[PDB]
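Structure data (mmCIF, C-alpha atoms and all ligand atoms) from protein.cif:
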```
data_target
loop_
_atom_site.label_atom_id
_atom_site.label_comp_id
_atom_site.auth_asym_id
_atom_site.auth_seq_id
_atom_site.Cartn_x
_atom_site.Cartn_y
_atom_site.Cartn_z
CA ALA U 1 139.58 -5.56 179.32
CA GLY U 2 137.96 -2.72 181.27
CA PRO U 3 135.73 -0.04 179.69
CA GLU U 4 136.96 3.44 178.74
CA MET U 5 136.31 6.16 181.33
CA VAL U 6 135.67 9.89 181.26
CA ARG U 7 135.34 12.07 184.36
CA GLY U 8 135.03 8.98 186.51
CA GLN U 9 132.18 7.68 184.38
CA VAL U 10 132.13 4.47 182.35
CA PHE U 11 131.92 5.24 178.66
CA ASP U 12 131.84 1.79 177.18
CA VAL U 13 132.14 2.23 173.43
CA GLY U 14 135.45 0.52 172.71
CA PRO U 15 137.16 -1.05 170.91
CA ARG U 16 135.45 0.57 167.93
CA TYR U 17 135.37 4.08 169.35
CA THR U 18 138.39 5.38 171.29
CA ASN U 19 140.19 8.57 172.32
CA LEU U 20 137.23 10.05 174.16
CA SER U 21 137.20 13.74 175.12
CA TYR U 22 134.42 15.29 177.21
CA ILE U 23 132.44 17.96 175.42
CA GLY U 24 129.50 18.65 177.65
CA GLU U 25 126.50 17.48 179.56
CA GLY U 26 122.95 18.27 178.71
CA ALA U 27 120.36 17.60 181.39
CA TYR U 28 120.04 14.06 180.07
CA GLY U 29 123.32 12.90 178.63
CA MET U 30 127.06 13.17 178.73
CA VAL U 31 128.52 13.96 175.31
CA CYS U 32 132.08 13.15 174.13
CA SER U 33 134.11 13.45 170.96
CA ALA U 34 135.65 10.16 169.83
CA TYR U 35 137.50 8.42 167.08
CA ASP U 36 135.78 5.72 165.06
CA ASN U 37 138.51 3.23 164.30
CA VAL U 38 136.33 1.34 161.84
CA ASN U 39 135.40 4.24 159.54
CA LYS U 40 138.42 6.46 160.36
CA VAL U 41 136.36 9.51 161.36
CA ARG U 42 135.76 11.72 164.37
CA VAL U 43 132.32 11.32 165.91
CA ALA U 44 130.25 12.56 168.81
CA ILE U 45 128.85 10.04 171.20
CA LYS U 46 126.09 10.79 173.64
CA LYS U 47 125.75 8.60 176.72
CA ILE U 48 122.21 8.21 178.07
CA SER U 49 121.08 6.29 181.14
CA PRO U 50 117.37 6.76 181.13
CA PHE U 51 115.95 3.56 182.52
CA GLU U 52 115.21 4.52 186.12
CA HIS U 53 112.55 7.03 184.99
CA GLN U 54 109.57 7.11 182.72
CA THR U 55 110.14 10.61 181.33
CA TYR U 56 113.75 9.92 180.41
CA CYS U 57 112.82 6.74 178.58
CA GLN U 58 110.19 8.74 176.71
CA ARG U 59 112.69 11.32 175.60
CA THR U 60 115.18 8.64 174.54
CA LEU U 61 112.67 6.64 172.53
CA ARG U 62 111.40 9.74 170.72
CA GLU U 63 114.79 11.10 169.85
CA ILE U 64 115.92 7.75 168.45
CA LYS U 65 112.76 7.02 166.48
CA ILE U 66 112.64 10.52 165.06
CA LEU U 67 116.32 10.96 164.11
CA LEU U 68 116.40 7.52 162.49
CA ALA U 69 113.31 8.38 160.42
CA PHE U 70 114.55 11.79 159.32
CA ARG U 71 117.29 12.24 156.80
CA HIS U 72 118.02 15.85 156.03
CA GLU U 73 121.10 18.02 155.72
CA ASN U 74 120.09 20.35 158.54
CA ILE U 75 119.12 17.70 161.09
CA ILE U 76 121.75 15.72 162.98
CA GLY U 77 121.69 12.05 162.01
CA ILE U 78 122.29 8.95 164.10
CA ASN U 79 125.18 6.89 162.76
CA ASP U 80 125.25 4.07 165.31
CA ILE U 81 123.77 3.00 168.67
CA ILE U 82 125.65 0.96 171.21
CA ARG U 83 123.92 -1.04 173.90
CA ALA U 84 124.23 -4.41 175.65
CA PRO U 85 123.25 -7.68 173.95
CA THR U 86 120.48 -8.53 176.48
CA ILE U 87 117.77 -6.28 177.86
CA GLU U 88 118.66 -7.04 181.50
CA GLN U 89 122.24 -5.92 180.82
CA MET U 90 121.27 -2.73 179.05
CA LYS U 91 121.70 0.13 181.53
CA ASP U 92 123.03 2.79 179.20
CA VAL U 93 122.60 3.63 175.56
CA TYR U 94 125.22 5.34 173.43
CA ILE U 95 124.13 7.38 170.45
CA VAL U 96 126.82 8.10 167.80
CA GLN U 97 126.52 11.12 165.56
CA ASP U 98 128.59 13.31 163.30
CA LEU U 99 130.92 15.49 165.35
CA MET U 100 129.99 19.16 165.02
CA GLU U 101 132.33 21.93 166.18
CA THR U 102 130.11 23.81 168.59
CA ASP U 103 126.54 24.92 169.23
CA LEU U 104 124.97 28.30 168.72
CA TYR U 105 124.72 28.85 172.47
CA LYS U 106 128.47 28.44 172.90
CA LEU U 107 129.31 30.50 169.84
CA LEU U 108 127.31 33.47 171.10
CA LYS U 109 129.14 33.53 174.42
CA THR U 110 132.29 34.28 172.47
CA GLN U 111 131.38 36.50 169.50
CA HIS U 112 129.03 38.72 167.50
CA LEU U 113 127.65 37.44 164.22
CA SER U 114 127.80 39.34 160.95
CA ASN U 115 124.42 39.84 159.28
CA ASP U 116 125.45 37.40 156.58
CA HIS U 117 126.07 34.61 159.07
CA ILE U 118 122.83 35.33 160.92
CA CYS U 119 120.92 35.22 157.64
CA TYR U 120 122.49 31.91 156.57
CA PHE U 121 122.01 30.41 160.02
CA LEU U 122 118.37 31.48 159.99
CA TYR U 123 117.84 30.02 156.54
CA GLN U 124 119.24 26.64 157.56
CA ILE U 125 117.11 26.52 160.68
CA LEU U 126 113.95 27.16 158.70
CA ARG U 127 115.01 24.74 156.01
CA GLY U 128 115.33 21.99 158.61
CA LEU U 129 112.10 23.04 160.23
CA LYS U 130 110.15 22.96 156.98
CA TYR U 131 111.25 19.39 156.62
CA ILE U 132 110.23 18.56 160.18
CA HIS U 133 106.89 20.31 159.82
CA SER U 134 106.17 18.51 156.55
CA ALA U 135 106.03 15.29 158.59
CA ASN U 136 103.61 17.04 160.95
CA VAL U 137 106.20 16.78 163.72
CA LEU U 138 106.91 19.63 166.11
CA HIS U 139 110.34 20.00 167.67
CA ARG U 140 109.04 21.95 170.71
CA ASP U 141 112.43 22.77 172.21
CA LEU U 142 114.32 24.79 169.62
CA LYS U 143 117.00 26.92 171.35
CA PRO U 144 120.59 28.01 170.65
CA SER U 145 122.13 25.00 172.40
CA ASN U 146 120.15 22.67 170.06
CA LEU U 147 121.68 24.20 166.97
CA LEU U 148 125.02 22.53 166.13
CA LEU U 149 127.52 24.33 163.92
CA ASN U 150 130.86 23.94 162.34
CA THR U 151 133.40 26.39 161.06
CA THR U 152 131.95 26.42 157.54
CA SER U 153 128.59 27.57 158.95
CA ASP U 154 126.88 24.23 158.38
CA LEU U 155 124.03 24.02 160.91
CA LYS U 156 122.14 20.99 162.20
CA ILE U 157 119.16 20.85 164.56
CA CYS U 158 119.55 18.25 167.32
CA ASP U 159 117.79 17.08 170.46
CA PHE U 160 114.31 15.78 169.50
CA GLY U 161 113.62 14.24 172.93
CA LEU U 162 110.60 16.49 173.33
CA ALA U 163 109.30 16.21 169.80
CA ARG U 164 105.73 15.07 169.16
CA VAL U 165 103.12 14.73 166.45
CA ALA U 166 101.10 17.91 165.95
CA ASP U 167 97.81 17.54 167.83
CA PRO U 168 95.45 20.46 168.63
CA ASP U 169 94.05 18.39 171.52
CA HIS U 170 96.72 17.09 173.95
CA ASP U 171 96.94 18.26 177.57
CA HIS U 172 99.80 20.48 178.72
CA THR U 173 100.19 19.30 182.33
CA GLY U 174 103.16 17.08 181.68
CA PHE U 175 105.73 19.11 179.71
CA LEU U 176 105.75 21.86 182.36
CA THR U 177 106.32 19.82 185.44
CA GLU U 178 109.03 18.17 183.29
CA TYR U 179 112.41 19.85 183.39
CA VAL U 180 114.04 21.74 180.58
CA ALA U 181 117.25 23.78 180.77
CA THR U 182 115.74 27.19 179.96
CA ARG U 183 112.09 28.14 178.92
CA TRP U 184 113.13 31.46 177.38
CA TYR U 185 112.11 30.12 173.95
CA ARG U 186 108.60 28.86 174.73
CA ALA U 187 105.60 30.25 172.89
CA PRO U 188 103.05 32.06 175.09
CA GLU U 189 100.20 29.67 174.20
CA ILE U 190 102.09 26.79 175.83
CA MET U 191 101.90 28.62 179.14
CA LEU U 192 98.35 29.89 178.91
CA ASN U 193 96.45 27.31 176.87
CA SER U 194 95.21 24.12 178.49
CA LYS U 195 95.21 22.02 175.33
CA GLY U 196 97.42 20.97 172.44
CA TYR U 197 100.57 21.76 170.46
CA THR U 198 100.69 23.44 167.03
CA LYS U 199 103.37 24.17 164.45
CA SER U 200 103.35 27.78 165.54
CA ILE U 201 105.25 26.98 168.74
CA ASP U 202 108.39 26.15 166.77
CA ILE U 203 108.20 29.40 164.79
CA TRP U 204 108.10 31.44 167.99
CA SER U 205 111.26 29.68 169.13
CA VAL U 206 112.91 30.56 165.85
CA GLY U 207 111.97 34.16 166.41
CA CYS U 208 113.52 34.07 169.87
CA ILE U 209 116.66 32.64 168.33
CA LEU U 210 116.90 35.29 165.62
CA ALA U 211 116.56 38.02 168.25
CA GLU U 212 119.34 36.35 170.20
CA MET U 213 121.62 36.24 167.18
CA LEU U 214 121.08 39.95 166.63
CA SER U 215 121.95 41.08 170.13
CA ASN U 216 123.79 38.19 171.82
CA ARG U 217 121.25 38.18 174.63
CA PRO U 218 118.02 36.21 175.05
CA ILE U 219 115.04 38.43 174.26
CA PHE U 220 112.53 36.95 176.75
CA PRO U 221 114.49 35.83 179.80
CA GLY U 222 112.77 35.30 183.15
CA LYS U 223 112.95 33.01 186.13
CA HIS U 224 109.57 31.40 186.55
CA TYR U 225 106.38 31.29 184.51
CA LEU U 226 104.70 34.57 185.50
CA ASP U 227 108.00 36.47 185.39
CA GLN U 228 108.68 34.97 181.94
CA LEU U 229 105.31 36.17 180.69
CA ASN U 230 105.96 39.71 181.95
CA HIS U 231 109.10 39.97 179.80
CA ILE U 232 107.08 39.07 176.71
CA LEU U 233 104.39 41.60 177.51
CA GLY U 234 106.92 44.32 178.26
CA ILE U 235 108.10 44.16 174.67
CA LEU U 236 105.14 43.06 172.57
CA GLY U 237 102.82 45.12 174.73
CA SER U 238 99.56 44.15 176.43
CA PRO U 239 97.46 41.79 174.28
CA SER U 240 94.76 43.17 171.96
CA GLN U 241 91.17 42.14 172.60
CA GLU U 242 91.43 40.10 169.43
CA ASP U 243 94.51 38.48 170.93
CA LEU U 244 92.45 37.43 173.99
CA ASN U 245 90.03 35.94 171.44
CA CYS U 246 91.53 32.46 171.16
CA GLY U 247 92.58 29.15 172.68
CA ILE U 248 93.65 31.14 175.71
CA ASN U 249 92.26 29.33 178.68
CA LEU U 250 90.22 31.42 181.11
CA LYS U 251 92.02 31.91 184.43
CA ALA U 252 94.61 33.17 182.01
CA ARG U 253 92.60 35.77 180.12
CA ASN U 254 91.35 36.90 183.51
CA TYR U 255 94.94 36.94 184.67
CA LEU U 256 95.78 38.93 181.56
CA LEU U 257 93.07 41.54 182.05
CA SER U 258 94.26 41.69 185.66
CA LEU U 259 97.59 43.06 184.43
CA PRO U 260 98.47 46.78 184.32
CA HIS U 261 98.68 47.86 180.68
CA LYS U 262 102.04 47.84 178.86
CA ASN U 263 103.30 49.57 175.72
CA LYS U 264 104.85 47.86 172.70
CA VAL U 265 108.51 48.65 172.14
CA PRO U 266 109.45 49.19 168.46
CA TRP U 267 111.84 46.57 167.12
CA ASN U 268 114.38 49.04 165.80
CA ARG U 269 114.68 50.48 169.30
CA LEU U 270 115.63 47.09 170.75
CA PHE U 271 117.89 46.20 167.84
CA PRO U 272 119.32 49.46 166.42
CA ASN U 273 122.05 47.79 164.35
CA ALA U 274 119.78 45.24 162.77
CA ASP U 275 118.94 44.84 159.09
CA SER U 276 115.40 46.17 158.68
CA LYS U 277 114.35 43.17 156.58
CA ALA U 278 115.30 41.02 159.58
CA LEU U 279 113.21 43.01 162.08
CA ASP U 280 110.25 42.60 159.78
CA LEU U 281 109.73 38.80 159.97
CA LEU U 282 111.16 38.98 163.43
CA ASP U 283 107.92 40.80 164.05
CA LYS U 284 106.06 38.23 161.97
CA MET U 285 107.62 35.43 163.95
CA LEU U 286 107.15 36.79 167.44
CA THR U 287 103.45 37.59 167.27
CA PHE U 288 101.48 36.86 170.42
CA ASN U 289 98.66 35.14 168.56
CA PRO U 290 99.47 31.77 166.97
CA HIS U 291 96.96 32.09 164.13
CA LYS U 292 98.52 35.19 162.57
CA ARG U 293 102.03 34.04 163.36
CA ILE U 294 103.95 33.46 160.13
CA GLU U 295 104.22 29.85 158.86
CA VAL U 296 107.53 28.15 158.00
CA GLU U 297 107.04 28.16 154.22
CA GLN U 298 106.05 31.80 154.25
CA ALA U 299 109.04 32.64 156.46
CA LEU U 300 111.40 30.96 154.04
CA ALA U 301 109.72 33.09 151.38
CA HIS U 302 110.34 36.42 153.21
CA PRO U 303 112.63 39.11 151.64
CA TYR U 304 115.34 38.63 154.28
CA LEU U 305 116.19 35.21 152.91
CA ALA U 306 115.63 36.01 149.22
CA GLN U 307 119.24 35.25 148.45
CA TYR U 308 118.73 31.67 149.74
CA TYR U 309 115.12 30.71 149.13
CA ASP U 310 115.01 27.77 146.75
CA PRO U 311 111.82 25.63 146.97
CA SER U 312 113.46 23.11 144.65
CA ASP U 313 116.31 22.43 147.08
CA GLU U 314 114.15 22.29 150.19
CA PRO U 315 113.12 18.66 150.76
CA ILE U 316 110.07 17.47 152.62
CA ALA U 317 109.10 14.21 154.32
CA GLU U 318 107.65 11.37 152.25
CA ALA U 319 104.82 11.00 154.78
CA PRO U 320 103.64 12.07 158.24
CA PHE U 321 105.46 10.50 161.16
CA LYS U 322 103.42 8.53 163.69
CA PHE U 323 103.67 7.14 167.20
CA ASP U 324 101.46 4.12 167.70
CA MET U 325 100.90 4.83 171.34
CA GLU U 326 100.91 7.71 173.73
CA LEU U 327 104.33 7.47 175.27
CA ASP U 328 103.07 9.41 178.33
CA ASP U 329 100.94 6.35 179.08
CA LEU U 330 103.72 3.75 179.05
CA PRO U 331 105.65 2.82 182.21
CA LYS U 332 109.44 2.67 182.09
CA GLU U 333 109.67 -1.10 181.77
CA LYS U 334 107.67 -0.98 178.56
CA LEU U 335 109.62 1.92 177.05
CA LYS U 336 112.78 -0.03 177.82
CA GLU U 337 111.58 -2.91 175.65
CA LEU U 338 110.69 -0.44 172.89
CA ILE U 339 114.15 1.09 173.06
CA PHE U 340 115.70 -2.38 172.92
CA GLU U 341 113.75 -3.28 169.77
CA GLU U 342 114.35 0.12 168.21
CA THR U 343 118.12 -0.27 168.61
CA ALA U 344 118.32 -3.89 167.49
CA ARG U 345 119.15 -2.95 163.90
CA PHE U 346 122.62 -1.81 165.05
CA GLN U 347 123.21 -5.26 166.58
CA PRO U 348 125.55 -7.74 164.78
CA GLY U 349 123.02 -10.52 164.30
CA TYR U 350 119.80 -8.50 163.75
CA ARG U 351 116.94 -10.28 161.86
CA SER U 352 114.58 -7.64 160.31
CA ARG I 1 125.96 26.42 142.83
CA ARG I 2 124.15 25.44 146.02
CA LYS I 3 126.38 26.20 149.14
CA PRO I 4 127.07 29.89 150.01
CA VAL I 5 130.53 30.88 151.21
CA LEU I 6 130.96 33.13 153.40
CA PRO I 7 134.08 33.71 155.57
CA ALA I 8 135.06 31.05 158.14
CA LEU I 9 134.03 31.47 161.78
CA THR I 10 136.52 31.00 164.61
CA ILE I 11 135.52 28.57 167.33
CA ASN I 12 137.02 28.55 170.82
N1 LIG U 401 126.70 15.75 167.41
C1 LIG U 401 127.37 16.70 168.28
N2 LIG U 401 128.57 17.20 167.96
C2 LIG U 401 129.20 18.08 168.75
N3 LIG U 401 128.66 18.49 169.91
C3 LIG U 401 127.44 18.01 170.29
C4 LIG U 401 126.77 17.09 169.48
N4 LIG U 401 125.60 16.78 170.10
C5 LIG U 401 125.52 17.45 171.24
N5 LIG U 401 126.64 18.20 171.37
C6 LIG U 401 126.91 19.09 172.51
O1 LIG U 401 126.51 18.52 173.75
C7 LIG U 401 125.54 19.34 174.33
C8 LIG U 401 124.43 18.57 174.90
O2 LIG U 401 123.70 17.80 173.97
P1 LIG U 401 122.16 17.58 173.97
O3 LIG U 401 121.82 16.70 172.81
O4 LIG U 401 121.38 18.90 173.75
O5 LIG U 401 121.88 16.75 175.29
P2 LIG U 401 120.50 16.58 176.08
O6 LIG U 401 120.57 16.35 177.65
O7 LIG U 401 119.83 15.43 175.19
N6 LIG U 401 119.57 17.90 175.39
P3 LIG U 401 119.78 19.32 176.22
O8 LIG U 401 119.77 19.07 177.72
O9 LIG U 401 118.54 20.28 175.81
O10 LIG U 401 121.16 19.96 175.75
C9 LIG U 401 125.03 20.15 173.19
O11 LIG U 401 124.34 21.31 173.53
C10 LIG U 401 126.15 20.32 172.32
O12 LIG U 401 126.97 21.38 172.60
#
```

Rewrite the structure of this file - the entire thing - as structure tokens.
Amino acid sequence: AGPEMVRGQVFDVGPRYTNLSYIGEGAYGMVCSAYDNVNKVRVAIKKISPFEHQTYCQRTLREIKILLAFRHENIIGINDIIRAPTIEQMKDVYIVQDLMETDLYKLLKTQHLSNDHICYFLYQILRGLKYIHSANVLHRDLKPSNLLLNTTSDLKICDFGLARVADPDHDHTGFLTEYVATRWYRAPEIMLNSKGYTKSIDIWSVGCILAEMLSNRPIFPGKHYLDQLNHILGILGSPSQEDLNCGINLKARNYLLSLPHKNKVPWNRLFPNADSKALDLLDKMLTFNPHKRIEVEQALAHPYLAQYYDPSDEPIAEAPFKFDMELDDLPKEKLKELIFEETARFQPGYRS
Amino acid sequence: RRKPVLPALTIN
């Protein structure tokens, strides 16, 4: 028979998965809720059609490889992957995951969080992140819409399409031309260094998220790159000379010195109704200079989370994660083969 | 004694 359909789009996951309801669209996939008739559970299914473009294929391969390699309570898993039996026939890929109730972006449109919830949410984020960082992997796109929640306050990080292995040496010129939904959560060094990605970029994003939980508005909004930077300066204040002593590329430090001086705004002024323990560590998380910026282990070990910190119940990766090749290098026809092989273990016959 | 509860949230 014919395939199931949602908003005029083929969603070909039957007969195993039925009763599809649209949830949302990211920039890259259409997501539905569904019913798994085999396991008798509700699931989420993400439809991805990435084969016409190299960057999409890159994102898809990374997300799959990473989520399949990670197993951790605070990171969304992949339960199943549906795709055609031959490579020529494969035009879409469906990723099946546990169905969560909402994301933190949606939640915050509708309500204000009690300090307890914020605290617990923050703990879970950092717990997931510690795990991710232990494998020397950086998420690089943490933001409220990537934090899935349910009504019991369980939280899971999703969306690893931009993840990569931590390397102090890679060039930034991709990953800026490439589209993301927001940018309000990007560390300043991403914008003004010319080389590399470090674990500190994820921490900055966590800081931006904490701020957002406290006030229900993004702390560093902005429309384009220079505008964005201005918002950060207008709060943290113009950078110290020691701050301009770093990986900051010149033509950025000159741009910085070019700027009219700005005064720091005290945290308690921006967030009057915020637990003081939270504003400390918010400060430690949103520091302009990556080197002094608090690390994930330390952050878990800050007073604000004291009630949750439990090094015994905070798992780490067995080993670092590795990509054999630079995915930026590969053309889309190659990535397609890699995605086909990577998904083969969910195929009926599969060898090993 | 692991999981902290914590009143339920209401989701639209
Ligand atoms: N497992 C899930 N359960 C419930 N809702 C989900 C689930 N996964 C994703 N969603 C929702 O669907 C939206 C889009 O998913 P997402 O994985 O972020 O797609 P994307 O194009 O890969 N990444 P992005 O564009 O940054 O949102 C999310 O922001 C969630 O609200």

Could you please select, counting only C-alpha atoms, the residues of chain U within 12 Å of chain I and state them as a ChimeraX atom specification?
-> /U:73,100-121,123-124,149-154,307-310,312-314

Env. residues ligand LIG 401 (chain U) / 9 Å / all atoms listed in the file / as a ChimeraX atom specification | /U:23-33,43-46,48,59-60,63,76-78,96-106,141-150,156,158-161,180-182

Around all of segment 5-12 of chain I's listed atoms, make the axis-aligned box with 4 Å on each side and tell me centre and edge lengths in Å to one decimal, as AutoDock Vina command-line options.
```
--center_x 133.8 --center_y 31.1 --center_z 161.0 --size_x 14.5 --size_y 13.2 --size_z 27.6
```

Which residue out of U:203, U:93, U:248, U:61 has the minimum interatomic distance to residue 327 of chain U when all atoms listed in the file are used?
->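 Residue with the minimum atom-to-atom distance to residue 327 of chain U: U:61.
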
Fewer than 5 positions away in the same chain doesn't count, so skip those; otherwise give me all residues within 12 Å of segment 234-239 of chain U, counting only C-alpha atoms, as a PyMOL selection string.
-> chain U and resi 188+219-222+227-229+244-246+248+252-253+255-270+282-289

Straight-line distance linking atom CA of residue 345 of chain U with atom CA of residue 333 of chain U, stated in Å to one decimal |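 One can read the atom CA of residue 345 of chain U to atom CA of residue 333 of chain U distance as 20.3 Å.
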
Give as a PyMOL selection string every residue, naming chains and numbers as the document does, that has an atom within 9 Å of (103.9, 31.5, 162.6), counting all atoms listed in the file.
-> chain U and resi 199-204+284-287+289-296+298-299

Quick one: distance from atom CA of residue 281 of chain U to atom CA of residue 192 of chain U in Å, one decimal?
->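 Going from atom CA of residue 281 of chain U over to atom CA of residue 192 of chain U covers 23.8 Å.
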
Could you tell me how far atom CA of residue 15 of chain U lies from atom CA of residue 91 of chain U, in Å and to one decimal?
-> 18.8 Å

Might you pull out every residue within 12 Å of residue 322 of chain U, with only C-alpha atoms counted and same-chain residues fewer than 3 positions away left off, and present them as an NGL selection string?
-> :U and (62 or 65-66 or 69 or 135-138 or 163-167 or 319 or 325-327)
